[PDB]
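These notes are about the structure you will find just below.
Letters A, B, ... are given to chains in the order of the sequence lines, protein chains preceding strands, and every chain is numbered from 1.
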Amino acid sequence: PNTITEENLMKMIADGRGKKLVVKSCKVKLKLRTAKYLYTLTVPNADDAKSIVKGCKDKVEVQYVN
Amino acid sequence: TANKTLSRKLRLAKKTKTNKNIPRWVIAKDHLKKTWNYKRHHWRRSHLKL
Amino acid sequence: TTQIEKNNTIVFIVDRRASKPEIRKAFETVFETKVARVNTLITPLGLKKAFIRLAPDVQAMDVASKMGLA
Amino acid sequence: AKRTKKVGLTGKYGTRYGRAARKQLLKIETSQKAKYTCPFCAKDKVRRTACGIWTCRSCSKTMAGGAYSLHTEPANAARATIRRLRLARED
Amino acid sequence: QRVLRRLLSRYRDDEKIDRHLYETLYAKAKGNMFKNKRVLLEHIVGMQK
Amino acid sequence: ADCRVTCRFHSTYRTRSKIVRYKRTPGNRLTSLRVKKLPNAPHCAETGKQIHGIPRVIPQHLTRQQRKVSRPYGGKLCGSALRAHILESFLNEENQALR
Amino acid sequence: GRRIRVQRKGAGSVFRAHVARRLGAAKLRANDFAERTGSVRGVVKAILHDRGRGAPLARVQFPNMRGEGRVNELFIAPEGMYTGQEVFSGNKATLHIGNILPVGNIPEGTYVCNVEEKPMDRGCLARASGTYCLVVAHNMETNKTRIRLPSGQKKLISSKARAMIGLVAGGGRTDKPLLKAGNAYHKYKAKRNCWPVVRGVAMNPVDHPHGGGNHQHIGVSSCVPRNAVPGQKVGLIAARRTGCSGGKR
RNA sequence: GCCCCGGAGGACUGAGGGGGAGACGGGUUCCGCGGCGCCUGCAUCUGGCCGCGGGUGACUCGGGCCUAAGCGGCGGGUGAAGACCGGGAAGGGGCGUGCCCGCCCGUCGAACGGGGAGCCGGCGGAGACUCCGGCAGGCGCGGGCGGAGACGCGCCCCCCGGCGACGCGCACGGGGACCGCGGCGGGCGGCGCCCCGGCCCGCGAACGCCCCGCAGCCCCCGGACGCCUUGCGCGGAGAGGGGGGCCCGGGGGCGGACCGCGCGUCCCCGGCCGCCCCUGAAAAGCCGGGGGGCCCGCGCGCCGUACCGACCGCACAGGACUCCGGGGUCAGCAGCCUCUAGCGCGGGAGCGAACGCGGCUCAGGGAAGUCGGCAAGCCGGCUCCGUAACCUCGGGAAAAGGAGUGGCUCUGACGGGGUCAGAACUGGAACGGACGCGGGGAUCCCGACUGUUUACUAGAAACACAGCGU
RNA sequence: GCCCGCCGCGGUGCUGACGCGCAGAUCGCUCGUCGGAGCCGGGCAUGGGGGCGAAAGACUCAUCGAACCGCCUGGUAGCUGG
Ligand SMILES: [K+]
Ligand SMILES: [K+]
Ligand SMILES: [K+]
Ligand SMILES: [K+]
Ligand SMILES: [K+]
Ligand SMILES: [K+]
Ligand SMILES: [K+]
Ligand SMILES: [K+]
Ligand SMILES: [K+]
Ligand SMILES: [K+]
Ligand SMILES: [K+]
Ligand SMILES: [K+]
Ligand SMILES: [K+]
Ligand SMILES: [K+]
Ligand SMILES: [K+]
Ligand SMILES: [K+]
Ligand SMILES: [K+]
Ligand SMILES: [K+]
Ligand SMILES: [K+]
Ligand SMILES: [K+]
Ligand SMILES: [K+]
Ligand SMILES: [K+]
Ligand SMILES: [K+]
Ligand SMILES: [K+]
Ligand SMILES: [K+]
Ligand SMILES: [K+]
Ligand SMILES: [K+]
Ligand SMILES: [K+]
Ligand SMILES: [K+]
Ligand SMILES: [K+]
Ligand SMILES: [K+]
Ligand SMILES: [K+]
Ligand SMILES: [K+]
Ligand SMILES: [K+]
Ligand SMILES: [K+]
Ligand SMILES: [K+]
Ligand SMILES: [K+]
Ligand SMILES: [K+]
Ligand SMILES: [K+]
Ligand SMILES: [K+]
Ligand SMILES: [K+]
Ligand SMILES: [K+]
Ligand SMILES: [Mg+2]
Ligand SMILES: [Mg+2]
Ligand SMILES: [Mg+2]
Ligand SMILES: [Mg+2]
Ligand SMILES: [Mg+2]
Ligand SMILES: [Mg+2]
Ligand SMILES: [Mg+2]
Ligand SMILES: [Mg+2]
Ligand SMILES: [Mg+2]
Ligand SMILES: [Mg+2]
Ligand SMILES: [Mg+2]
Ligand SMILES: [Mg+2]
Ligand SMILES: [Mg+2]
Ligand SMILES: [Mg+2]
Ligand SMILES: [Mg+2]
Ligand SMILES: [Mg+2]
Ligand SMILES: [Mg+2]
Ligand SMILES: [Mg+2]
Ligand SMILES: [Mg+2]
Ligand SMILES: [Mg+2]
Ligand SMILES: [Mg+2]
Ligand SMILES: [Mg+2]
Ligand SMILES: [Mg+2]
Ligand SMILES: [Mg+2]
């Protein structure tokens, strides 16, 4: 597992390298399941809005909160 | 031992499988009065050298 | 039976001289299905047991039932 | 303050082995623990590492010598006589 | 001995005492001249004067 | 409490490649973890000192660039040994020829 | 009786030498074309301790004369040899400690070591620590050289037998007393199963010819003749004389 | 209600365990249900006994591979043979024909040595580093630049090297785990008086990226009465000072996903220093140098894996290798008590004779007993005082002999921590209050000394030994 | 190859227990040693008139001043029993 800067996150999505994304509410955790590593990005909810709209329609998103 | 060769395991496996009584229908079929199989063995008093 | 309803796995007795690659091919040709992974052991009596897990898109209930295992 | 009067380094032996042996060891063992001069370093840092084997702790050069001292008196004379025989070979 | 060396070095670095005084007291500490830290602080005063 | 553990290896004979350390797990448990032997790094062919720049990892696990130094005789000679070979070569040519 | 202790050692098993972790057999460089017509240059690589041996050994690297690469030799070290030193082997080598020369080219008076008793045999005389041979005289018409061995005997060898200049390092070793039984135990643990020693008179007659009796005593003379048979040849063998006396010169 | 099971009480083993697990050996003894004919030297409803069903899952753990000490093989050699002994032999490879290179064994020998790579959580009557879920790692297969410098950022053959790869030791230093004290959060117990004073729980892995790492080795300037350790050690073959590079089984931060402070203990690691007539394996495999020629998929076969001191002594107070190791008292892995965990040991009751076996105490005397002080008793921790003859000058030596020692209230010294020193008060005229723990001295004989021995009647004056001599 | 002392390794005295044993050599207390010629495990080597022995004629699978197993062998007995 590893962390990632936001700009690298879309490029992995942009090249179809992700398999599933999870949004976690606590500061929000976004977890992307690639072939090699699980990657985690932490942003405030203001920032995660725009990123998910950019979300690749070929990339399954799920949500999670409790 | 917990670390045994497959060849010793197979010969031990056969002594376990043949360690049995005469079936009761065999006693009726063959008309027997000796009913004990005297080739049986028990682990506490045996010396299987296998 | 618990092994089949969850874990999608069927337990078989096979000839001791068979390896995991021969077991996978045999089961795929006789029961017309898709194997995923095979584990094996030799029991204290000398028999070979195979743990046969079917592909994640097959129901071993559907395959055990047609065979009679249920 | 001086801790012994005569035995020196052979105080490690106690009352054992007799006077003649301990007298021999005091001389031998003082000699093999000594610091000798690098024939190359020119510094006083040569120590024994095994019987016959002497290393400068500054040069790092290794040398072949005596059992319990760097130079023996037979080898000094031999080197001196061999040198004069070579120079005599020169016309 | 760690206490006295730690104090002596601190002074030399601040130039309270020079290097030739530092080295003379360094050897006196190694030879059991001062019993604690207070005694060394008077020797330091007395040598400077 | 009671923190005693059992052996992790096939046998319990405590040789130099069967040393563990202890660690607390997220389920509140004391686990054993093997402590690998650390190989030396390569040493100079003339002086026997560690070559600078190479980590103490077996070279199978290091990328090609990580296993090298960027100089003639990069991982064989310690830098000072190179300079002494260079001078000996150049100066002997100056004395075996032209006096 | 039974077989006695000296009769059991010839059979091997527990009386074989303790050779594990030894560096190898120590020899001069082999005589070849280049050495016969000139000289070959080597460099001292290390000075090493050998198990079971008093003097040290030296590893010397020579160039390969029949191909590319290097050749590694194992010499008995003359005193004064040092790592990084340059040695020479051949007919044209000079007189310096460490060099290997034919004994006919060595002037009388010189100290030499590791001497061949026949040409090209790679050296067999004066090999132990502190020893040397002297070169006494040259007989040119018969091509023989006269040397003095460490025992003081004199001997004639060929003039083409080779030698190493100097004397063997490690000298003075025997002048330190072994203090304890334990120092003797460590010395022979590196050589052979030969220690400790039980006296013949301390045994029963079945075990030794000196055994038995109501007092410990030999009983007959301990001078046995030269033609005594194995099992019988104990004590002092073929002695010219016995006893302790001075006057020898 | 049975010696089985449950609840309550009373005790024991006492972290070198009657605890938790492996190696060897055993071989189904393992598990669930049933049962008492045999066995369980008493009983039984118990059970390692009897009947009937079941049970051990691996790319990552071990075996398979490498070599150790060894053991085999080798044109041949020898002997009546069986067999035993052995380098002097026209001894094989790369490819692609055709060229080129080449001196000559072993896919025998280690379930502790070497070795490419695994962690957490969960599930079952019996299996788990093996199953399931999650997160990784290894080995394969298919779709010429920067720097002043130390240093930083595809292959093939011949040669030169490296890693693998290594002894012992008193100490000193760093990390981890353990262990304590205090706070704060949640839960308990008992409570005649006292109690914010007692007890339990407060958890974070492998792996990936960034930062930080004492010693130690290296670079640049420049040119010296210093730098520095518990100890040492180092410097014109270039110190100190200023600024840098590399290694470091480690720590931190973000991922994976409660908060402080301390004395010790164990384990590993570091730099030194000491020691040897002792100098402390090898190989597979993998890599570098010089010279020459030139992201996405799929897979990982074979064997072991249950349980046990259930093993050997005809069945048994004997024998039987290793791993983990809390608290109090204390110099402590001693003795004595204890938290966790575990709970058999051919059976019970009554009486309180002789005599035995293991223990305790005895007035006055004190070896008169006896072959003989045999046995038993006296002494003993720590601190201070005080110590002879003789001697190989090292010893003798704890010589011999003396005095003090609890509790409580305080004071001083050392840079938060125990120790050391001193004083008042007090108690049958007591204090190493149990436990642990030398009796001493004057002599003669023998062997110098530590060491070895008649397994099962002899431990010595016998053997060995360094030294000396032939 | 120093001294007190735990485990370990050994085996002094009680001529203690036991001696139809817990046991074909054990148990209790006491005692030697405890950084070394020290102790322990696995692998390997030496074979019977032979081995191995810090030497006691000790040890060589409860066997040793010559092991064990089968055969020669129903060995011979001026001697004891019937
Ligand atoms: K098993
Ligand atoms: K059995
Ligand atoms: K004989
Ligand atoms: K004989
Ligand atoms: K004989
Ligand atoms: K014999
Ligand atoms: K011996
Ligand atoms: K002797
Ligand atoms: K005699
Ligand atoms: K039952
Ligand atoms: K013949
Ligand atoms: K033969
Ligand atoms: K092997
Ligand atoms: K082994
Ligand atoms: K192995
Ligand atoms: K190794
Ligand atoms: K190179
Ligand atoms: K298992
Ligand atoms: K009665
Ligand atoms: K009576
Ligand atoms: K008396
Ligand atoms: K007594
Ligand atoms: K007091
Ligand atoms: K004696
Ligand atoms: K001793
Ligand atoms: K006896
Ligand atoms: K005895
Ligand atoms: K004794
Ligand atoms: K003896
Ligand atoms: K003891
Ligand atoms: K009695
Ligand atoms: K006993
Ligand atoms: K001791
Ligand atoms: K033999
Ligand atoms: K044998
Ligand atoms: K015999
Ligand atoms: K016989
Ligand atoms: K027979
Ligand atoms: K026969
Ligand atoms: K007769
Ligand atoms: K007769
Ligand atoms: K009769
Ligand atoms: Mg399996
Ligand atoms: Mg005798
Ligand atoms: Mg005789
Ligand atoms: Mg108790
Ligand atoms: Mg059971
Ligand atoms: Mg009964
Ligand atoms: Mg592995
Ligand atoms: Mg093999
Ligand atoms: Mg291994
Ligand atoms: Mg289990
Ligand atoms: Mg090793
Ligand atoms: Mg198990
Ligand atoms: Mg009385
Ligand atoms: Mg009397
Ligand atoms: Mg009387
Ligand atoms: Mg004696
Ligand atoms: Mg003794
Ligand atoms: Mg006896
Ligand atoms: Mg005895
Ligand atoms: Mg001692
Ligand atoms: Mg002692
Ligand atoms: Mg008795
Ligand atoms: Mg007969
Ligand atoms: Mg007869």
Side-chain angles (χ1 to χ4, degrees), chain A residues 1-3 35 37-38 40, chain B residues 1-4 6 12 16 43-44 48, chain C residues 7 19-21 39-41 43-44 49 51, chain D residues 4-7 11 13-19 21 50-51 67, chain E residues 1 3 19 23 36, chain F residues 1-7 9-15 19 21-28 31 33 35-36 38-43 45 49-50 52-53 55-56 58-60 65 67-70 73-76 79, chain G residues 2-3 13-14 20-21 49 54 68-70 173-174 176-187 189-190 196 198 202-204 206-207 236 242-244:
Chain A
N2 226 138
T3 61
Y37 289 114
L38 176 77
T40 298
Chain B
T1 182
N3 307 283
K4 61 164 78 57
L6 180 67
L12 286 183
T16 296
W43 64 274
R44 252 200 285 93
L48 272 49
Chain C
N7 295 331
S19 61
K20 294 179 178 187
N39 285 13
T40 30
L41 61 90
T43 73
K49 201 189 295 195
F51 295 90
Chain D
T4 31
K5 171 179 171 188
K6 287 149 62 169
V7 301
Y13 289 133
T15 62
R16 303 178 289 277
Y17 314 117
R19 193 184 155 103
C51 170
Chain E
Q1 190 68 205
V3 164
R19 322 200 86 105
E23 219 54 81
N36 56 51
Chain F
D2 190 359
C3 300
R4 287 177 289 179
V5 304
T6 67
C7 187
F9 309 106
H10 186 262
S11 306
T12 78
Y13 302 112
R14 200 172 176 271
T15 60
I19 309 292
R21 56 174 177 93
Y22 299 114
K23 213 56 188 170
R24 196 148 289 270
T25 65
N28 200 12
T31 197
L33 295 157
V35 183
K36 309 224 176 180
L38 191 85
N40 289 79
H43 284 66
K49 301 203 278 178
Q50 193 166 331
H52 293 145
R56 292 186 70 181
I58 57 167
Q60 164 174 351
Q65 193 167 97
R67 315 191 285 215
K68 316 190 185 201
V69 191
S70 298
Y73 298 78
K76 214 209 188 182
Chain G
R2 57 153 57 92
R3 303 282 144 171
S13 65
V14 293
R21 302 179 305 274
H49 170 272
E68 287 293 297
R70 321 274 184 75
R173 167 179 46 89
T174 47
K176 186 186 182 169
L178 307 164
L179 204 58
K180 303 182 274 164
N183 288 333
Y185 166 89
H186 284 113
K187 157 166 177 177
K189 197 191 187 289
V198 182
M203 306 172 171
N204 296 312
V206 65
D207 307 309
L236 316 178
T242 53
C244 193

When you compare the protein's N or O atoms with those of nucleotides 49-53 of chain I, which come within less than 3.5 Å of each other, and at what distance?
from: I/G50; atom 1: OP2; to: G/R3; atom 2: NE; distance (Å): 3.0
from: I/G50; atom 1: OP2; to: G/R3; atom 2: NH2; distance (Å): 3.4
from: I/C52; atom 1: OP1; to: G/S13; atom 2: OG; distance (Å): 3.1
from: I/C52; atom 1: OP2; to: G/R8; atom 2: NH1; distance (Å): 2.8
from: I/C52; atom 1: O5'; to: G/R8; atom 2: NH1; distance (Å): 3.2
from: I/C52; atom 1: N4; to: G/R2; atom 2: NE; distance (Å): 3.4
from: I/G53; atom 1: OP2; to: G/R8; atom 2: NH1; distance (Å): 3.2
from: I/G53; atom 1: OP2; to: G/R8; atom 2: NH2; distance (Å): 3.2
from: I/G53; atom 1: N7; to: G/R8; atom 2: NH2; distance (Å): 3.1
from: I/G53; atom 1: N1; to: G/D207; atom 2: OD1; distance (Å): 3.3

Contacts of type ring pair (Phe, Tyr, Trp, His ring centres under 6.0 Å), residue D/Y17, not counting sequence neighbours: D/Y13
Listing time: all N or O pairs from protein to nucleotides 466-469 of chain H that are below 3.5 Å?
from: H/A466; atom 1: OP1; to: G/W195; atom 2: NE1; distance (Å): 3.0
from: H/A466; atom 1: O3'; to: G/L178; atom 2: O; distance (Å): 2.5
from: H/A466; atom 1: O2'; to: G/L178; atom 2: O; distance (Å): 2.4
from: H/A466; atom 1: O2'; to: G/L179; atom 2: O; distance (Å): 3.4
from: H/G467; atom 1: OP1; to: G/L178; atom 2: N; distance (Å): 3.2

Sequence-aligned protein contact record of nucleotides 318-326 of chain H, with B where the base is within under 4.0 Å of a protein heavy atom and S where only the sugar-phosphate is: ---BBSBB-
Check the interface with nucleotides 387-394 of chain H: list each N/O to N/O pair with the protein under 3.5 Å, or write none.
from: H/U392; atom 1: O3'; to: D/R22; atom 2: NH2; distance (Å): 3.0
from: H/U392; atom 1: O2'; to: D/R22; atom 2: NH2; distance (Å): 3.4
from: H/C393; atom 1: OP1; to: D/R22; atom 2: NH2; distance (Å): 3.2
from: H/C393; atom 1: OP2; to: D/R19; atom 2: NH1; distance (Å): 2.3
from: H/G394; atom 1: OP1; to: D/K5; atom 2: N; distance (Å): 3.4
from: H/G394; atom 1: OP1; to: D/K6; atom 2: N; distance (Å): 2.6
from: H/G394; atom 1: OP1; to: D/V7; atom 2: N; distance (Å): 2.9
from: H/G394; atom 1: OP2; to: D/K5; atom 2: N; distance (Å): 2.9

Verify stacking: H/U361 then H/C362, 5.5 Å distance, 30° angle limits: yes
Would you tabulate the pairs of protein nitrogen or oxygen atoms and nucleotide nitrogen or oxygen atoms of nucleotides 159-169 of chain H closer than 3.5 angstrom?
from: H/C160; atom 1: OP1; to: G/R70; atom 2: N; distance (Å): 3.0
from: H/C160; atom 1: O2'; to: F/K76; atom 2: NZ; distance (Å): 2.9
from: H/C160; atom 1: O2; to: F/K76; atom 2: NZ; distance (Å): 3.4
from: H/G161; atom 1: OP1; to: G/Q61; atom 2: OE1; distance (Å): 3.4
from: H/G161; atom 1: OP1; to: G/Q61; atom 2: NE2; distance (Å): 3.1
from: H/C163; atom 1: OP1; to: F/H43; atom 2: ND1; distance (Å): 3.0
from: H/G164; atom 1: OP1; to: F/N40; atom 2: N; distance (Å): 3.0
from: H/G164; atom 1: OP1; to: F/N40; atom 2: OD1; distance (Å): 3.2
from: H/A165; atom 1: OP2; to: F/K37; atom 2: NZ; distance (Å): 3.3
from: H/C166; atom 1: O2; to: F/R16; atom 2: NH1; distance (Å): 3.1

Touch class at under 4.0 angstrom, heavy-atom based, for E/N36 against every strand present: sugar-phosphate
Using the 3.5 Å cut-off, write out each protein N or O paired with an N or O of nucleotides 52-55 of chain H and the distance between them.
none

Partners meeting salt bridge (charged side-chain N to carboxylate O under 4.0 Å, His left out) with F/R14 (sequence neighbours left out): none
Shortest side-chain distance from C/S19, nucleotide among H/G301, I/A55, H/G297: H/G301
Please tabulate the protein-to-nucleotide N/O contacts below 3.5 Å involving nucleotides 224-226 of chain H, giving atom names and distances.
from: H/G226; atom 1: OP2; to: E/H20; atom 2: ND1; distance (Å): 3.0
from: H/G226; atom 1: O3'; to: E/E23; atom 2: OE1; distance (Å): 3.3

Sugar-phosphate only, base, or nothing, as touched by C/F51 at under 4.0 Å among non-hydrogen atoms: base
Touch class at under 4.0 angstrom, heavy-atom based, for C/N39 against every strand present: base
Sign-based sugar class (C1'-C2'-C3'-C4') of H/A23: north
By ring pair (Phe, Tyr, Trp, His ring centres under 6.0 Å) - contacts of F/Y22 (at least two apart): none
Under the salt bridge (charged side-chain N to carboxylate O under 4.0 Å, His left out) test, residues paired with F/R56 that sit two or more places apart: none
Listed partners of F/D2 passing side-chain hydrogen bond (donor to acceptor under 3.5 Å, both in side chains), at least two apart: F/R4
Residue F/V69, side-chain heavy atoms: nucleotide from H/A136, H/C139, H/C151 that is nearest: H/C151
